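What follows is the content of final_7.pdb, which has PDB, C-alpha atoms (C1' of nucleotides) and all ligand atoms:
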```pdb
ATOM      1  CA  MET A   6     151.970 131.771  47.977
ATOM      2  CA  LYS A   7     154.092 131.711  51.137
ATOM      3  CA  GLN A   8     153.250 128.580  53.128
ATOM      4  CA  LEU A   9     153.779 130.550  56.339
ATOM      5  CA  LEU A  10     151.396 133.222  55.048
ATOM      6  CA  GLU A  11     148.841 130.542  54.175
ATOM      7  CA  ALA A  12     149.418 128.970  57.597
ATOM      8  CA  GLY A  13     147.458 131.814  59.194
ATOM      9  CA  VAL A  14     143.930 130.455  58.728
ATOM     10  CA  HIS A  15     143.125 127.624  56.283
ATOM     11  CA  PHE A  16     140.965 125.164  58.236
ATOM     12  CA  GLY A  17     137.866 124.066  56.311
ATOM     13  CA  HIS A  18     134.475 122.942  57.608
ATOM     14  CA  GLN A  19     133.120 120.294  59.960
ATOM     15  CA  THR A  20     133.219 116.568  59.255
ATOM     16  CA  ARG A  21     129.431 116.199  59.031
ATOM     17  CA  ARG A  22     129.224 118.517  56.010
ATOM     18  CA  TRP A  23     132.057 117.424  53.719
ATOM     19  CA  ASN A  24     131.998 116.563  50.026
ATOM     20  CA  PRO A  25     133.456 113.054  49.545
ATOM     21  CA  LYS A  26     135.248 114.026  46.315
ATOM     22  CA  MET A  27     137.440 116.635  48.003
ATOM     23  CA  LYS A  28     139.246 113.838  49.874
ATOM     24  CA  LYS A  29     142.295 114.383  47.647
ATOM     25  CA  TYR A  30     143.049 117.666  49.450
ATOM     26  CA  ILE A  31     142.238 116.368  52.948
ATOM     27  CA  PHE A  32     145.264 115.866  55.198
ATOM     28  CA  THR A  33     145.572 115.536  58.992
ATOM     29  CA  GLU A  34     141.944 115.704  60.040
ATOM     30  CA  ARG A  35     141.176 116.819  63.590
ATOM     31  CA  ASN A  36     138.422 116.460  66.196
ATOM     32  CA  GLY A  37     135.332 117.483  64.240
ATOM     33  CA  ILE A  38     137.154 119.698  61.716
ATOM     34  CA  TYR A  39     138.870 118.741  58.476
ATOM     35  CA  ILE A  40     142.139 120.429  57.519
ATOM     36  CA  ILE A  41     143.051 120.767  53.857
ATOM     37  CA  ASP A  42     146.587 120.079  52.673
ATOM     38  CA  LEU A  43     148.561 123.289  52.172
ATOM     39  CA  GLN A  44     151.187 121.551  50.016
ATOM     40  CA  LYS A  45     148.748 120.961  47.168
ATOM     41  CA  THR A  46     147.271 124.435  47.662
ATOM     42  CA  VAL A  47     150.571 126.220  47.034
ATOM     43  CA  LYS A  48     151.072 123.963  44.022
ATOM     44  CA  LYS A  49     147.533 124.501  42.710
ATOM     45  CA  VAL A  50     147.488 128.255  43.367
ATOM     46  CA  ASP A  51     150.333 128.489  40.847
ATOM     47  CA  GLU A  52     148.195 127.266  37.941
ATOM     48  CA  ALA A  53     145.388 129.693  38.767
ATOM     49  CA  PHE A  54     148.057 132.392  38.863
ATOM     50  CA  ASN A  55     149.370 131.147  35.503
ATOM     51  CA  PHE A  56     146.069 130.142  33.899
ATOM     52  CA  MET A  57     144.891 133.721  34.381
ATOM     53  CA  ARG A  58     147.903 134.596  32.195
ATOM     54  CA  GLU A  59     146.137 134.274  28.849
ATOM     55  CA  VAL A  60     142.709 135.630  29.816
ATOM     56  CA  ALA A  61     143.895 139.153  30.702
ATOM     57  CA  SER A  62     146.619 139.398  28.035
ATOM     58  CA  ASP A  63     144.470 141.174  25.410
ATOM     59  CA  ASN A  64     142.870 143.658  27.849
ATOM     60  CA  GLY A  65     140.104 141.186  28.627
ATOM     61  CA  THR A  66     137.433 141.470  31.293
ATOM     62  CA  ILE A  67     137.187 139.417  34.489
ATOM     63  CA  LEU A  68     134.246 139.203  36.891
ATOM     64  CA  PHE A  69     134.518 138.900  40.681
ATOM     65  CA  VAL A  70     131.649 137.375  42.675
ATOM     66  CA  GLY A  71     131.555 137.979  46.417
ATOM     67  CA  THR A  72     128.008 137.412  47.669
ATOM     68  CA  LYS A  73     129.302 135.793  50.879
ATOM     69  CA  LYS A  74     129.133 137.981  53.977
ATOM     70  CA  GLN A  75     132.895 138.008  54.540
ATOM     71  CA  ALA A  76     133.600 138.740  50.877
ATOM     72  CA  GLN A  77     132.018 142.045  49.758
ATOM     73  CA  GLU A  78     134.719 144.329  51.146
ATOM     74  CA  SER A  79     137.564 142.403  49.508
ATOM     75  CA  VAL A  80     136.135 141.837  46.024
ATOM     76  CA  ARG A  81     134.999 145.455  45.758
ATOM     77  CA  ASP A  82     138.528 146.718  46.413
ATOM     78  CA  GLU A  83     140.279 144.048  44.337
ATOM     79  CA  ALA A  84     138.349 145.004  41.197
ATOM     80  CA  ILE A  85     138.427 148.796  41.560
ATOM     81  CA  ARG A  86     142.217 148.663  41.919
ATOM     82  CA  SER A  87     142.728 146.611  38.749
ATOM     83  CA  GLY A  88     140.043 148.346  36.692
ATOM     84  CA  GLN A  89     137.911 145.191  36.656
ATOM     85  CA  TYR A  90     134.283 144.329  37.312
ATOM     86  CA  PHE A  91     132.651 142.906  40.419
ATOM     87  CA  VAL A  92     129.431 141.655  41.998
ATOM     88  CA  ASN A  93     128.714 142.127  45.714
ATOM     89  CA  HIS A  94     124.987 141.711  46.420
ATOM     90  CA  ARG A  95     122.603 139.046  45.106
ATOM     91  CA  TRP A  96     123.397 137.555  41.703
ATOM     92  CA  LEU A  97     120.526 138.498  39.398
ATOM     93  CA  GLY A  98     119.053 135.500  37.625
ATOM     94  CA  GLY A  99     120.228 135.390  34.038
ATOM     95  CA  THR A 100     122.894 138.049  34.451
ATOM     96  CA  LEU A 101     124.911 136.144  31.818
ATOM     97  CA  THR A 102     122.437 133.900  29.979
ATOM     98  CA  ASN A 103     119.870 136.726  29.736
ATOM     99  CA  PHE A 104     122.609 139.348  29.523
ATOM    100  CA  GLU A 105     121.024 141.130  26.553
ATOM    101  CA  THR A 106     118.118 142.498  28.602
ATOM    102  CA  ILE A 107     120.436 143.601  31.424
ATOM    103  CA  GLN A 108     121.830 146.344  29.167
ATOM    104  CA  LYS A 109     118.371 147.922  29.156
ATOM    105  CA  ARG A 110     118.620 148.326  32.924
ATOM    106  CA  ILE A 111     122.244 149.441  32.539
ATOM    107  CA  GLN A 112     121.335 151.982  29.861
ATOM    108  CA  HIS A 113     118.401 153.109  32.002
ATOM    109  CA  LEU A 114     120.781 153.773  34.897
ATOM    110  CA  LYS A 115     123.136 155.739  32.641
ATOM    111  CA  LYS A 116     120.216 157.846  31.419
ATOM    112  CA  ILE A 117     119.011 158.578  34.951
ATOM    113  CA  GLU A 118     122.460 159.571  36.189
ATOM    114  CA  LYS A 119     122.574 162.179  33.419
ATOM    115  CA  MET A 120     119.420 164.216  33.946
ATOM    116  CA  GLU A 121     120.369 165.809  37.270
ATOM    117  CA  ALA A 122     123.773 166.793  35.829
ATOM    118  CA  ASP A 123     123.431 167.300  32.062
ATOM    119  CA  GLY A 124     119.689 167.485  31.363
ATOM    120  CA  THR A 125     116.731 168.990  33.187
ATOM    121  CA  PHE A 126     117.517 168.233  36.826
ATOM    122  CA  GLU A 127     114.046 169.429  37.892
ATOM    123  CA  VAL A 128     111.348 167.930  35.664
ATOM    124  CA  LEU A 129     108.839 167.166  38.425
ATOM    125  CA  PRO A 130     108.156 168.988  41.708
ATOM    126  CA  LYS A 131     108.212 165.983  44.042
ATOM    127  CA  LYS A 132     107.534 162.962  41.814
ATOM    128  CA  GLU A 133     111.221 162.437  41.035
ATOM    129  CA  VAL A 134     111.953 162.945  44.736
ATOM    130  CA  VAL A 135     109.958 159.890  45.802
ATOM    131  CA  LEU A 136     110.458 157.601  42.785
ATOM    132  CA  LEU A 137     113.326 158.690  40.525
ATOM    133  CA  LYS A 138     115.958 159.081  43.239
ATOM    134  CA  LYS A 139     114.629 155.937  44.936
ATOM    135  CA  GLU A 140     115.208 153.733  41.885
ATOM    136  CA  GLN A 141     118.674 155.048  40.998
ATOM    137  CA  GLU A 142     120.046 153.653  44.253
ATOM    138  CA  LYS A 143     118.001 150.481  43.739
ATOM    139  CA  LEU A 144     119.658 149.864  40.374
ATOM    140  CA  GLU A 145     123.230 150.518  41.494
ATOM    141  CA  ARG A 146     123.057 148.351  44.619
ATOM    142  CA  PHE A 147     122.322 145.301  42.456
ATOM    143  CA  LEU A 148     124.153 146.211  39.244
ATOM    144  CA  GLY A 149     127.163 147.433  41.206
ATOM    145  CA  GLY A 150     130.410 147.460  39.268
ATOM    146  CA  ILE A 151     129.268 145.750  36.058
ATOM    147  CA  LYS A 152     127.710 149.030  34.876
ATOM    148  CA  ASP A 153     130.712 149.599  32.570
ATOM    149  CA  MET A 154     131.086 146.021  31.300
ATOM    150  CA  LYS A 155     131.158 146.409  27.524
ATOM    151  CA  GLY A 156     130.740 142.760  26.551
ATOM    152  CA  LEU A 157     130.538 139.208  27.833
ATOM    153  CA  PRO A 158     133.122 138.457  30.554
ATOM    154  CA  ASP A 159     136.208 136.458  29.615
ATOM    155  CA  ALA A 160     136.658 134.650  32.942
ATOM    156  CA  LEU A 161     135.008 134.436  36.348
ATOM    157  CA  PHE A 162     136.449 134.428  39.868
ATOM    158  CA  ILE A 163     134.042 133.190  42.533
ATOM    159  CA  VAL A 164     134.583 132.646  46.261
ATOM    160  CA  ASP A 165     131.900 130.117  47.218
ATOM    161  CA  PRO A 166     130.398 127.734  44.628
ATOM    162  CA  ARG A 167     127.937 126.442  47.234
ATOM    163  CA  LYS A 168     126.584 129.982  47.656
ATOM    164  CA  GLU A 169     127.059 130.834  43.957
ATOM    165  CA  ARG A 170     125.084 127.912  42.555
ATOM    166  CA  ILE A 171     123.234 130.199  40.139
ATOM    167  CA  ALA A 172     126.476 131.724  38.862
ATOM    168  CA  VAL A 173     128.412 128.483  38.380
ATOM    169  CA  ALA A 174     125.453 126.825  36.650
ATOM    170  CA  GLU A 175     124.848 129.670  34.195
ATOM    171  CA  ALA A 176     128.562 130.097  33.491
ATOM    172  CA  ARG A 177     129.058 126.439  32.566
ATOM    173  CA  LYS A 178     126.134 126.625  30.135
ATOM    174  CA  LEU A 179     127.760 129.609  28.416
ATOM    175  CA  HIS A 180     131.186 127.862  28.334
ATOM    176  CA  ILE A 181     133.262 130.337  30.340
ATOM    177  CA  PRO A 182     136.187 128.972  32.399
ATOM    178  CA  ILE A 183     136.031 129.827  36.094
ATOM    179  CA  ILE A 184     138.436 129.831  39.030
ATOM    180  CA  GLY A 185     137.271 129.728  42.620
ATOM    181  CA  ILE A 186     138.078 129.056  46.249
ATOM    182  CA  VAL A 187     136.401 125.803  47.259
ATOM    183  CA  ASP A 188     135.928 124.438  50.759
ATOM    184  CA  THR A 189     135.451 120.916  52.077
ATOM    185  CA  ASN A 190     131.716 121.085  51.269
ATOM    186  CA  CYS A 191     131.964 122.367  47.687
ATOM    187  CA  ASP A 192     132.281 120.504  44.380
ATOM    188  CA  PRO A 193     135.579 120.462  42.427
ATOM    189  CA  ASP A 194     134.131 119.125  39.160
ATOM    190  CA  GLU A 195     132.207 122.320  38.400
ATOM    191  CA  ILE A 196     135.307 124.496  38.807
ATOM    192  CA  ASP A 197     138.005 124.540  36.137
ATOM    193  CA  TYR A 198     141.009 125.687  38.189
ATOM    194  CA  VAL A 199     140.324 124.662  41.774
ATOM    195  CA  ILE A 200     141.990 126.524  44.641
ATOM    196  CA  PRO A 201     141.376 124.448  47.793
ATOM    197  CA  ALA A 202     141.284 127.062  50.540
ATOM    198  CA  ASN A 203     139.209 128.313  53.435
ATOM    199  CA  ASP A 204     136.419 130.733  52.550
ATOM    200  CA  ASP A 205     135.121 131.611  56.033
ATOM    201  CA  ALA A 206     138.147 133.703  57.074
ATOM    202  CA  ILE A 207     138.332 137.366  56.090
ATOM    203  CA  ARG A 208     142.137 137.328  56.024
ATOM    204  CA  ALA A 209     142.304 134.048  54.097
ATOM    205  CA  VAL A 210     139.995 135.345  51.367
ATOM    206  CA  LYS A 211     141.829 138.674  51.181
ATOM    207  CA  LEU A 212     145.221 136.944  51.060
ATOM    208  CA  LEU A 213     144.405 134.830  48.004
ATOM    209  CA  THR A 214     142.354 137.394  46.068
ATOM    210  CA  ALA A 215     145.052 140.050  46.553
ATOM    211  CA  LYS A 216     147.425 137.828  44.587
ATOM    212  CA  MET A 217     144.984 137.880  41.665
ATOM    213  CA  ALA A 218     145.053 141.687  41.703
ATOM    214  CA  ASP A 219     148.819 141.748  41.190
ATOM    215  CA  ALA A 220     148.438 139.022  38.561
ATOM    216  CA  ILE A 221     146.159 141.112  36.332
ATOM    217  CA  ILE A 222     147.623 144.587  36.848
ATOM    218  CA  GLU A 223     150.951 143.279  35.481
ATOM    219  CA  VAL A 224     150.170 142.874  31.790
ATOM    220  CA  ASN A 225     147.783 145.771  31.227
ATOM    221  CA  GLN A 226     150.486 148.446  31.485
TER
ATOM    222  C1'   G B   1      70.623 137.640  16.108
ATOM    223  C1'   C B   2      72.994 129.786  15.878
ATOM    224  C1'   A B   3      75.492 133.380   9.016
ATOM    225  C1'   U B   4      77.115 138.870  10.567
ATOM    226  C1'   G B   5      78.794 144.411  11.257
ATOM    227  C1'   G B   6      77.632 148.065  14.870
ATOM    228  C1'   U B   7      75.316 148.993  19.862
ATOM    229  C1'   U B   8      74.168 147.266  25.003
ATOM    230  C1'   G B   9      73.428 144.199  29.735
ATOM    231  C1'   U B  10      75.963 140.915  33.383
ATOM    232  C1'   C B  11      79.692 138.947  36.664
ATOM    233  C1'   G B  12      82.035 144.112  38.412
ATOM    234  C1'   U B  13      84.798 149.742  39.252
ATOM    235  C1'   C B  14      85.614 143.011  41.237
ATOM    236  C1'   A B  15      91.661 143.714  41.073
ATOM    237  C1'   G B  16      92.863 140.910  38.143
ATOM    238  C1'   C B  17      94.482 139.094  32.763
ATOM    239  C1'   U B  18      98.772 138.354  29.841
ATOM    240  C1'   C B  19     103.510 138.995  27.025
ATOM    241  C1'   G B  20     109.155 139.539  25.603
ATOM    242  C1'   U B  21     113.978 137.411  26.946
ATOM    243  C1'   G B  22     116.050 133.991  30.494
ATOM    244  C1'   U B  23     115.818 129.370  33.422
ATOM    245  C1'   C B  24     113.597 124.366  35.320
ATOM    246  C1'   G B  25     110.745 119.850  33.238
ATOM    247  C1'   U B  26     110.958 113.966  28.197
ATOM    248  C1'   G B  27     106.073 116.519  28.059
ATOM    249  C1'   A B  28     101.476 119.185  28.900
ATOM    250  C1'   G B  29     103.420 122.845  31.978
ATOM    251  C1'   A B  30     106.202 125.982  35.651
ATOM    252  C1'   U B  31     108.815 130.790  37.176
ATOM    253  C1'   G B  32     107.932 136.012  36.923
ATOM    254  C1'   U B  33     102.199 136.726  39.299
ATOM    255  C1'   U B  34     105.055 132.690  44.980
ATOM    256  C1'   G B  35     107.033 133.923  50.606
ATOM    257  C1'   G B  36     106.895 138.180  55.282
ATOM    258  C1'   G B  37     104.492 143.097  56.037
ATOM    259  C1'   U B  38     101.052 146.865  54.258
ATOM    260  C1'   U B  39      96.945 148.893  51.094
ATOM    261  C1'   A B  40      90.617 150.673  48.957
ATOM    262  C1'   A B  41      93.910 148.245  45.011
ATOM    263  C1'   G B  42      99.329 142.074  41.736
ATOM    264  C1'   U B  43      99.079 150.065  45.593
ATOM    265  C1'   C B  44     104.054 149.857  47.733
ATOM    266  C1'   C B  45     108.654 147.670  50.653
ATOM    267  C1'   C B  46     111.938 143.361  51.779
ATOM    268  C1'   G B  47     113.354 138.553  50.144
ATOM    269  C1'   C B  48     113.689 135.330  45.957
ATOM    270  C1'   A B  49     115.809 131.898  39.116
ATOM    271  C1'   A B  50     114.458 135.730  37.377
ATOM    272  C1'   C B  51     114.938 140.559  34.688
ATOM    273  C1'   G B  52     111.287 143.871  32.481
ATOM    274  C1'   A B  53     106.788 145.359  29.907
ATOM    275  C1'   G B  54     101.276 145.958  28.405
ATOM    276  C1'   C B  55      96.031 146.226  29.412
ATOM    277  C1'   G B  56      93.736 147.087  34.263
ATOM    278  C1'   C B  57      94.283 150.186  39.858
ATOM    279  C1'   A B  58      96.030 155.497  40.893
ATOM    280  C1'   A B  59      96.519 160.351  38.678
ATOM    281  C1'   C B  60      95.166 163.713  34.315
ATOM    282  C1'   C B  61      88.509 165.542  33.376
ATOM    283  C1'   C B  62      83.637 167.814  35.539
ATOM    284  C1'   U B  63      81.117 169.356  39.928
ATOM    285  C1'   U B  64      80.612 171.010  45.505
ATOM    286  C1'   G B  65      83.097 172.950  49.799
ATOM    287  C1'   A B  66      87.804 178.374  51.406
ATOM    288  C1'   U B  67      90.261 182.480  49.104
ATOM    289  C1'   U B  68      93.151 186.716  45.571
ATOM    290  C1'   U B  69      93.166 189.905  40.657
ATOM    291  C1'   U B  70      90.227 191.291  36.502
ATOM    292  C1'   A B  71      84.642 193.307  35.479
ATOM    293  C1'   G B  72      80.495 196.371  37.215
ATOM    294  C1'   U B  73      75.029 195.106  33.514
ATOM    295  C1'   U B  74      69.860 193.500  32.771
ATOM    296  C1'   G B  75      73.178 191.872  39.050
ATOM    297  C1'   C B  76      74.063 194.106  44.472
ATOM    298  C1'   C B  77      72.559 198.581  47.876
ATOM    299  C1'   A B  78      77.701 199.886  52.518
ATOM    300  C1'   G B  79      77.116 205.245  53.145
ATOM    301  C1'   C B  80      73.455 208.608  50.938
ATOM    302  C1'   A B  81      68.937 212.056  49.079
ATOM    303  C1'   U B  82      64.105 210.445  47.045
TER
HETATM  304 MG    MG A 301      73.590 136.892  20.859
HETATM  305 MG    MG A 302      88.042 150.545  43.841
HETATM  306 MG    MG A 303     101.637 130.979  36.711
HETATM  307 MG    MG A 304     101.926 138.838  48.241
HETATM  308 MG    MG A 305      95.749 154.897  51.508
HETATM  309 MG    MG A 306     100.214 147.566  39.121
END
```
What would the structure in this file look like if it were written as structure tokens?
Amino acid sequence: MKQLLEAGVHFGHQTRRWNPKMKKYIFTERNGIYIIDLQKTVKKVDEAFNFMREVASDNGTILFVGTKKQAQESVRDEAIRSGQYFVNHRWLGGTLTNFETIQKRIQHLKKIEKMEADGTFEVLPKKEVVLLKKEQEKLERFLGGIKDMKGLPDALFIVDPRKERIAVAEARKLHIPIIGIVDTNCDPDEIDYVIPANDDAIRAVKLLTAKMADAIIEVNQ
RNA sequence: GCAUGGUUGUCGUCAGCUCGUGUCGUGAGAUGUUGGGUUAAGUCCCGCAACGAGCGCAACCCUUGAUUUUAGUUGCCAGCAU
């Protein structure tokens, strides 16, 4: 939470595309670009560091959502390190609300990645070549890291509520508390523990999400 | 045969018709099944608030077109004598 470390890149978005209810975090606007106040950020990042206290205390599960283009590389590595669960590519509709039917796809993937190793690897001459191996990559590229999620997630960590409208809407309905990095165009009401920060910078996203890794890997020892 | 069972024609071998869970809408409804390519084909790919499934399409069946082993009778006659 070093203010100098945060001072690297935390700008925001243009003036034309700002949410009027983020004005609390706006400080020292510039020519055509808003700049968010770092003083409140370092204060507010503490709660998200300390709200995530309880959720991971009992070996709970957390979900990372990184559909944004400058997010997949970070969230993938943040969750594999901590033994957590992540989403990189498009968020499947009803991943949480219609979570019961997702297991069928998950169990299907587990079955398929068993036959070439444990069962009859060769069951068809070339049918499995064109269809069976083609679907196993199709399933993993969307399911990704949630393939070992035993139950409903305990908390969510998103990076862009404007680009994760499906996720934030279907997590509120299921009453799961979320933490996320919001920009000058996002909405703070939807998020529980707001972290006003830039989302467009690769380093800025990696800086903040790396703190969450150390936060969770502390208790689970 | 306007009380019915069974059987059949026709649109038409046209490529469509629905369902489970989820979501949007006060509601009838909607989505999936739409959008960009491709195909004989909702046949397949990419995207997508949807994820999958069933009956259909395709294949599995018969027949014709090339060829190997088995078998020489009532079939055939290479090489033969009649
Ligand atoms: Mg009649
Ligand atoms: Mg046809
Ligand atoms: Mg419809
Ligand atoms: Mg189409
Ligand atoms: Mg063809
Ligand atoms: Mg079909």
**Prompt:** If I put a ball of radius 9 Å at (129.1, 129.9, 40.1) in the file's coordinates, which residues poke into it when counting all atoms listed in the file, written as an NGL selection string?
**Reply:** :A and (70 or 161-177 or 183 or 185 or 195-196)
Could those residues be written to a file, using C-alpha atoms, as a PDB file, in the coordinates of the input?
```pdb
ATOM      1  CA  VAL A  70     131.649 137.375  42.675  1.00  0.00           C
ATOM      2  CA  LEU A 161     135.008 134.436  36.348  1.00  0.00           C
ATOM      3  CA  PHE A 162     136.449 134.428  39.868  1.00  0.00           C
ATOM      4  CA  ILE A 163     134.042 133.190  42.533  1.00  0.00           C
ATOM      5  CA  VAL A 164     134.583 132.646  46.261  1.00  0.00           C
ATOM      6  CA  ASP A 165     131.900 130.117  47.218  1.00  0.00           C
ATOM      7  CA  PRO A 166     130.398 127.734  44.628  1.00  0.00           C
ATOM      8  CA  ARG A 167     127.937 126.442  47.234  1.00  0.00           C
ATOM      9  CA  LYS A 168     126.584 129.982  47.656  1.00  0.00           C
ATOM     10  CA  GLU A 169     127.059 130.834  43.957  1.00  0.00           C
ATOM     11  CA  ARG A 170     125.084 127.912  42.555  1.00  0.00           C
ATOM     12  CA  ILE A 171     123.234 130.199  40.139  1.00  0.00           C
ATOM     13  CA  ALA A 172     126.476 131.724  38.862  1.00  0.00           C
ATOM     14  CA  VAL A 173     128.412 128.483  38.380  1.00  0.00           C
ATOM     15  CA  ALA A 174     125.453 126.825  36.650  1.00  0.00           C
ATOM     16  CA  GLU A 175     124.848 129.670  34.195  1.00  0.00           C
ATOM     17  CA  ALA A 176     128.562 130.097  33.491  1.00  0.00           C
ATOM     18  CA  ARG A 177     129.058 126.439  32.566  1.00  0.00           C
ATOM     19  CA  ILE A 183     136.031 129.827  36.094  1.00  0.00           C
ATOM     20  CA  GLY A 185     137.271 129.728  42.620  1.00  0.00           C
ATOM     21  CA  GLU A 195     132.207 122.320  38.400  1.00  0.00           C
ATOM     22  CA  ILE A 196     135.307 124.496  38.807  1.00  0.00           C
TER      23      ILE A 196
END
```
**Request:** Write down, as a list in words, each residue of chain B that has any atom within 6 Å of an atom of chain A, counting all atoms listed in the file.
**Result:**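 So the contacting residues turn out to be residues 22, 49 and 50 of chain B.
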**Asked** Mind pulling up the distance from atom CA of residue 74 of chain A to atom CA of residue 15 of chain A?
**Response** 17.6 Å
**Request:** Work out how far atom CA of residue 69 of chain A is from atom CA of residue 211 of chain A, in Å to one decimal.
**Result:**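 Separation between atom CA of residue 211 of chain A and atom CA of residue 69 of chain A: 12.8 Å.
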Give me the residues of chain B that have any atom at most 9 Å from an atom of ligand MG 305 (chain A); for each, the nearest atom pair and the distance in Å, rounded to one decimal. Use all atoms listed in the file, sort by chain and number, and format it as CSV.
```
residue,atom,partner,partner_atom,distance
B:39,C1',A:MG305,MG,6.1
B:40,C1',A:MG305,MG,7.1
B:43,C1',A:MG305,MG,8.3
```
**Asked** Closest to residue 21 of chain B among B:53, B:80, B:38, B:58, using all atoms listed in the file?
**Response** B:53
**Message:** I'd like the interatomic distance between atom CA of residue 16 of chain A and atom CA of residue 39 of chain A, to a tenth of an Å.
**Reply:**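 Between atom CA of residue 16 of chain A and atom CA of residue 39 of chain A the gap works out to 6.8 Å.
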**Message:** Can you translate the PyMOL selection byres (((chain A and resi 222) around 10) and not hetatm) into the concrete residues it hits in this file, as a ChimeraX atom specification?
**Reply:** /A:61,86-89,217-221,223-226
**Request:** Would you list the residues near (132.5, 139.5, 52.0) (no more than 10 Å away, in the coordinates of the file, using all atoms listed in the file) as a list in words?
**Result:**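 Every polymer residue passing the test: residues 70, 71, 72, 73, 74, 75, 76, 77, 78, 79, 80, 81, 93, 94, 164, 204, 205, 206, 207, 210 and 211 of chain A.
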**Message:** Counting all atoms listed in the file, which residue out of B:11, B:3, B:41, B:77 sits closest to ligand MG 302 (chain A)?
**Reply:** B:41
**Message:** the PyMOL selection byres (((chain A and resi 151) around 10) and not hetatm) - which residues does that actually catch in the file I just gave you? List them as a PyMOL selection string.
**Reply:** chain A and resi 68-69+89-92+111+145+147-150+152-155+158
May I have the residues within 12 Å of residue 55 of chain B as a PDB file with C-alpha atoms (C1' of nucleotides), keeping the file's coordinate frame, using all atoms listed in the file and disregarding those fewer than 5 positions away in the same chain?
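For reference, around.pdb as written:
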```
ATOM      1  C1'   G B  16      92.863 140.910  38.143  1.00  0.00           C
ATOM      2  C1'   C B  17      94.482 139.094  32.763  1.00  0.00           C
ATOM      3  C1'   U B  18      98.772 138.354  29.841  1.00  0.00           C
ATOM      4  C1'   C B  19     103.510 138.995  27.025  1.00  0.00           C
TER       5        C B  19
END
```
**Fill in**
Using all atoms listed in the file, the best pick from B:57, B:81, B:30, B:45 as closest to ligand MG 306 (chain A) would be B:57
Could N, CA, C and O atoms be built for segment 98-109 of chain A and written out as an mmCIF file, keeping the file's coordinate frame?
```cif
data_model
loop_
_atom_site.group_PDB
_atom_site.id
_atom_site.type_symbol
_atom_site.label_atom_id
_atom_site.label_comp_id
_atom_site.auth_asym_id
_atom_site.auth_seq_id
_atom_site.Cartn_x
_atom_site.Cartn_y
_atom_site.Cartn_z
ATOM 1 N N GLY A 98 119.280 136.628 38.501
ATOM 2 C CA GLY A 98 119.053 135.500 37.625
ATOM 3 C C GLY A 98 119.219 135.876 36.170
ATOM 4 O O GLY A 98 118.664 136.879 35.711
ATOM 5 N N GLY A 99 119.986 135.083 35.433
ATOM 6 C CA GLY A 99 120.228 135.390 34.038
ATOM 7 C C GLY A 99 121.026 136.654 33.823
ATOM 8 O O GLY A 99 120.763 137.393 32.868
ATOM 9 N N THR A 100 121.992 136.931 34.698
ATOM 10 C CA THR A 100 122.894 138.049 34.451
ATOM 11 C C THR A 100 123.750 137.793 33.219
ATOM 12 O O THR A 100 124.076 138.731 32.484
ATOM 13 N N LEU A 101 124.099 136.531 32.965
ATOM 14 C CA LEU A 101 124.911 136.144 31.818
ATOM 15 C C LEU A 101 124.093 135.512 30.697
ATOM 16 O O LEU A 101 124.228 135.908 29.538
ATOM 17 N N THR A 102 123.254 134.524 31.015
ATOM 18 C CA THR A 102 122.437 133.900 29.979
ATOM 19 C C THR A 102 121.469 134.898 29.360
ATOM 20 O O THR A 102 121.318 134.951 28.136
ATOM 21 N N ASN A 103 120.814 135.707 30.191
ATOM 22 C CA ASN A 103 119.870 136.726 29.736
ATOM 23 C C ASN A 103 120.527 138.100 29.788
ATOM 24 O O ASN A 103 119.929 139.108 30.166
ATOM 25 N N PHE A 104 121.807 138.136 29.422
ATOM 26 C CA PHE A 104 122.609 139.348 29.523
ATOM 27 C C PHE A 104 122.135 140.452 28.590
ATOM 28 O O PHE A 104 122.404 141.627 28.858
ATOM 29 N N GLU A 105 121.434 140.109 27.509
ATOM 30 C CA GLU A 105 121.024 141.130 26.553
ATOM 31 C C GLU A 105 120.036 142.111 27.172
ATOM 32 O O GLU A 105 120.108 143.317 26.914
ATOM 33 N N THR A 106 119.098 141.617 27.981
ATOM 34 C CA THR A 106 118.118 142.498 28.602
ATOM 35 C C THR A 106 118.695 143.292 29.765
ATOM 36 O O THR A 106 118.103 144.301 30.158
ATOM 37 N N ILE A 107 119.829 142.865 30.320
ATOM 38 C CA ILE A 107 120.436 143.601 31.424
ATOM 39 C C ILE A 107 120.916 144.969 30.955
ATOM 40 O O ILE A 107 120.828 145.957 31.694
ATOM 41 N N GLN A 108 121.414 145.056 29.717
ATOM 42 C CA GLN A 108 121.830 146.344 29.167
ATOM 43 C C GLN A 108 120.725 147.387 29.252
ATOM 44 O O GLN A 108 120.998 148.569 29.485
ATOM 45 N N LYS A 109 119.472 146.971 29.067
ATOM 46 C CA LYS A 109 118.371 147.922 29.156
ATOM 47 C C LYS A 109 118.320 148.563 30.535
ATOM 48 O O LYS A 109 118.128 149.778 30.656
#
```
